[PDB]
């Protein structure tokens, strides 16, 4: 069995929104078994400020910048959504 090939096939907690669009990743990275994985290019993400992430909870608070993952960076596309953690 190839553990290395499957190292990043684990699920990840996403952020919801009150906007009726898909769930999106916070940023473009996630851990699997404590190891770093990168979301695929084009994956939907939220780019939050350092101030915003301190108060990111399971309820919305302020507007969140939507983006897409590009080589591990969540690049903003101009759209704003009211995002929050799924439970």
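Numbering follows the first chain given and starts at 1. Each form is matched to the other, and the largest set of C-alpha atoms that superpose within 1.5 Å is called the rigid core.
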| query | finding |
| --- | --- |
| Higher-deviation segment by CA RMS in 4 other deposited structures of this protein, core fitted, 50 to 58 or 24 to 32 | 50 to 58 |
| More variable segment, 6 to 14 or 69 to 77 [Cα RMS over structures in 4 other deposited structures of this protein, core-superposed] | 6 to 14 |
| Mean Cα B-factor comparison, 76 to 84 or 3 to 11, giving the higher one as deposited | 3 to 11 |
| Higher-B stretch (mean Cα B-factor, as the entry records it), 12 to 20 or 66 to 74 | 12 to 20 |
| Candidate set 32, 48, 56, 28 [ranked by C-alpha B-factor, highest] | 32 |
